[PDB]
């Protein structure tokens, strides 16, 4: 360890890595059998954008409905992921709440993006619903969909395993650029530990791409950006459409 040229995970990092990975696996829909269980979203759904949005990319109500009918269990599984992480569970529940809201979209988007299928040109939502670029964009997301598609297409070269996704999620979670946090230092400290463990795991993996780590960290920024666009776009939807169309937990996370 450190053994070939680049530092390997420490024993303490191996532990943190194992805990994060299992946290992700146990909360990640349809594990390694998503390619056989997924049903495509019918091609007549997603083609009819008619509710206006401030930026001019309209919303298709039927598609919004399809995506939001399945969103609660998806958000629920991100809450579940976070809770299996000891540095998350031991925070005040105020802090817990703020962190989940700050990273929910980021983690859900990542999870869809790692399930980008090149041959059909689709993302898989919750390991069960394979969607095209147009359907997802028209259903609410607008250009955020082009962003997750663009991220998913570029990640196929990266060959991320379950651990790098889990650690990516954990770094997205433990982030201090949110308003209203109590335990700011404990969070930074916990993020730093994941980042280092992450880096050293990437070292252990020996990817065939040069400069893998900074390339990966740049994919982090893309997610945060996807996250911030969605929070802008969510706010506009809440303005255009009635409450009744939004599942209580969807509202609770993004409102």
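Numbering follows the first chain given and starts at 1.
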Higher of the two mean Cα B-factors (176-184, 134-142; per PDB record) comes from 176-184
For the higher mean C-alpha B factor in the entry, choose 27-35 or 214-222. 27-35
Quick one: classify residue 125 as lowest, middle or highest third of the chain based on its Cα B-factor. middle
If you rank every modelled residue in this chain by C-alpha B factor, which third holds residue 232: lowest, middle or highest? middle
Using the B-factor values recorded in the entry, state whether the Cα atom of residue 80 falls in the lowest, middle or highest third among the modelled residues of its chain. lowest
Pull the Cα B-factor of residue 199 out of the PDB entry and bin it into the chain's lowest, middle or highest third. lowest
Split the chain's modelled residues into thirds by Cα B-factor; residue 70 lands in the middle
